[PDB]
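The structure appears right after this line, and notes come after that.
Residue numbers count from 1 along this sequence.
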Amino acid sequence: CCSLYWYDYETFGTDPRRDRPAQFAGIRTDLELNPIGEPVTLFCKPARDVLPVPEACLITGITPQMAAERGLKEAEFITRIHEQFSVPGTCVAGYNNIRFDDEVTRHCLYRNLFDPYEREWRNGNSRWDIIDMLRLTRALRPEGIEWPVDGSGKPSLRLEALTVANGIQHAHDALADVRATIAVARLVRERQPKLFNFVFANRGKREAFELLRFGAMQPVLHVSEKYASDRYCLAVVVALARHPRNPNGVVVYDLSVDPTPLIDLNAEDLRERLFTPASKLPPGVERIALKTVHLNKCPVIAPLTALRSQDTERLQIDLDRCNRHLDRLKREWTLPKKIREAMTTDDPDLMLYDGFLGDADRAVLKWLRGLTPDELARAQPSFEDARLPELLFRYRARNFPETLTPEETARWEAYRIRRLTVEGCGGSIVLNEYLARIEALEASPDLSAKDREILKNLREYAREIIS
Ligand SMILES: [Mg+2]
């Protein structure tokens, strides 16, 4: 008895690690994509160490004042989301959620004393994202769907362009985005049900690994944001090695690129070119066409035999050339080891991926969360993980500031102000940039009345937050 929970954030900036959520929209559906129960819509009050990015507030229309006025404390905000997410059998899905919104969720759970991952895998739960399914559909079975292009003819998967081009539309608040996501998913399910079921059924770690055929040197299709839109985000790849550090990474080679440099260079030169940003490569030297597949992120892979002859022709795929390159790679006994060889703080808010929680810590965290604000002030717990002490403090200071001692309040105030004002103290943006970016935006000739009010609100928020 499983369900799909579709969601989206509007946030105060584009850095999931540092910029906090402002709005959440959620809609649960059955596996037919028909809604169950009511949509959820929540605002999150910004804690008093938050400085939003001006441009984001203009795009969303959401000021810190609006969020404070209509929202919940972050603890309750995330607890209500966590409730919906952790209902057994729930697959939590969205549109580009895995590489953005889910990171916002992980960091938010983390700060608020939840395990960042349990909602993703316990009690039959899982994740999904439709963006790579759409990339595969457009690349491999585009029939029956209008694939929009922008003004200069470049391909676009933007939610609004896609929905209008296919006549399933009906502004950018989170709720409209979520409903448009569900509708786009329905459209794929209707026009290409077999692909839809293939991608969905194969979305998990185990199943994605199996599709890679590691290590039979079998070429497969892989779609990714990292491959060029001019090639429909698709490449013919082969899995060559497990990633040295990331246990969920498999490194794959784009068989359209001459592998001579990968074969000929030593481990030192290979590491060098592989860590040189493409912009900084010398002239005549292209990049090493290796790419990491993150098995835990619902990567989309299909067998080479999914190509019909019109698809190969349409995608301008040279199978012989790929085969020729594959032959050369099969001959190198040492290549996997060489690849693995070539590929090899402080702030608790920035240390989510520094290590996993123990079973013990998880238990004390749960107990602390069950307490009332008063009980929580008296707790005096003991942690195995070194990150949790300071982390517990900020959680109390942000959501329950009336619960602090006089000297605790002075500690919060020192941290709070220097996060708001000094570079590298947690925030993506500090007060002076915030004001400078407000100035830049104020100088433009094409501000709406609404834009001005928002920029006015932002000035007032900065004035108020430092007093
Ligand atoms: Mg979104």
Side-chain angles (χ1 to χ4, degrees), residues 16-21 24 42 44-50 68 71-88 90 92 102-123 125 345-420 422 424-427:
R17 210 177 177 192
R18 302 184 169 78
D19 296 321
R20 312 231 177 111
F24 162 95
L42 306 169
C44 185
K45 298 190 185 195
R48 299 184 52 76
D49 66 329
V50 167
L72 310 174
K73 311 300 165 179
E74 197 181 52
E76 27 176 8
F77 179 74
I78 199 63
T79 297
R80 291 202 198 182
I81 295 164
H82 185 275
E83 283 163 22
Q84 296 301 329
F85 280 9
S86 59
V87 169
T90 306
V92 180
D102 284 355
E103 295 298 326
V104 174
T105 299
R106 283 173 177 185
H107 289 286
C108 194
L109 291 165
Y110 176 69
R111 285 194 310 280
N112 293 260
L113 311 179
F114 288 89
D115 187 84
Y117 308 102
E118 288 205 338
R119 68 87 174 178
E120 305 178 11
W121 67 274
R122 279 196 178 272
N123 302 303
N125 287 17
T345 347
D346 311 346
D347 194 352
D349 285 328
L350 279 49
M351 281 168 66
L352 170 60
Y353 295 123
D354 218 298
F356 292 98
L357 284 178
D359 302 54
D361 286 330
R362 186 170 301 110
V364 40
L365 263 38
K366 168 164 170 165
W367 158 67
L368 290 168
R369 282 189 284 106
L371 304 186
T372 75
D374 290 306
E375 288 167 11
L376 186 60
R378 285 139 46 194
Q380 308 307 284
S382 185
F383 297 119
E384 215 146 10
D385 197 333
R387 298 170 296 176
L388 272 41
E390 183 159 29
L391 203 144
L392 169 61
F393 170 63
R394 295 179 195 182
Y395 174 80
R396 286 178 58 236
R398 284 162 181 159
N399 302 267
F400 311 111
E402 79 293 344
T403 219
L404 301 160
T405 67
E407 52 268 63
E408 278 184 323
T409 298
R411 200 202 162 193
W412 174 235
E413 281 292 333
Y415 168 81
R416 172 173 149 286
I417 280 163
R418 73 189 278 90
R419 183 178 201 282
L420 290 169
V422 187
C425 289

Identify each donor-acceptor pair in which a side-chain atom of residues 73-81 lies under 3.5 Å from a protein atom, sequence neighbours left out, and give them as a table.
from, atom 1, to, atom 2, distance (Å)
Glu74, OE1, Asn112, ND2, 3.1
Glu74, OE2, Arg111, NH2, 2.7
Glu76, OE2, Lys73, N, 3.2
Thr79, OG1, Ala75, O, 2.6

Locate the shortest heavy-atom distance separating [X] from [Y]; write the atom from each residue and the value.
X	Y	answer
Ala68	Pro46	N-CD, 3.8 Å
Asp102	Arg119	OD1-NH2, 3.3 Å
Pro21	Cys44	O-CB, 3.5 Å
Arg20	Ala47	NH1-CB, 3.8 Å

Within the distance-only criterion (no hydrogens, no angle test), does the side chain of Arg48 pair as donor or acceptor with the backbone N or O of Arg416 below 3.5 angstrom? no
Considering residues at least two apart in sequence or located in another chain, which fulfil the side-chain hydrogen bond (donor to acceptor under 3.5 Å, both in side chains) criterion with [X]?
X	value
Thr90	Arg28
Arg17	none
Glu407	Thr405

So do [Y] and [X] actually touch side chain to side chain, heavy atoms under 4.5 Å?
X	Y	result
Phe383	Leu391	no
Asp374	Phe400	no
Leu113	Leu392	yes

Do any pairs count as a salt bridge (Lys or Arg N to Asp or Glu O under 4.0 Å) and have a residue in residues 352-361, sequence neighbours left out, and if so which ones? none
To the nearest 0.5 Å, how far apart are [atom1] in [X] and [atom2] in [Y]?
X	Y	atom1	atom2	result
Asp49	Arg418	CG	CZ	13.0 Å
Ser86	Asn123	OG	CG	8.5 Å
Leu368	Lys366	CG	NZ	12.5 Å

Please identify each residue that fulfils side chain to side chain contact (heavy atoms under 4.5 Å, CB included) with [X], with sequence neighbours left out.
X	result
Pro116	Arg106, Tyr110, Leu352, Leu357
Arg18	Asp15, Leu350, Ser428
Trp367	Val364, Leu371, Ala379, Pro381
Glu118	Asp115, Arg122, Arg362

List for me each residue that meets ring pair (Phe, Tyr, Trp, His ring centres under 6.0 Å) alongside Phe356, sequence neighbours excluded, and say none if there are none. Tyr117
Not counting sequence neighbours, list each pair that qualifies as a side-chain hydrogen bond (donor to acceptor under 3.5 Å, both in side chains) and has a residue in residues 376-397. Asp347-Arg394, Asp349-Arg394, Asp385-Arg387, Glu390-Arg394, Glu390-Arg411, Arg394-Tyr415, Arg396-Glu408
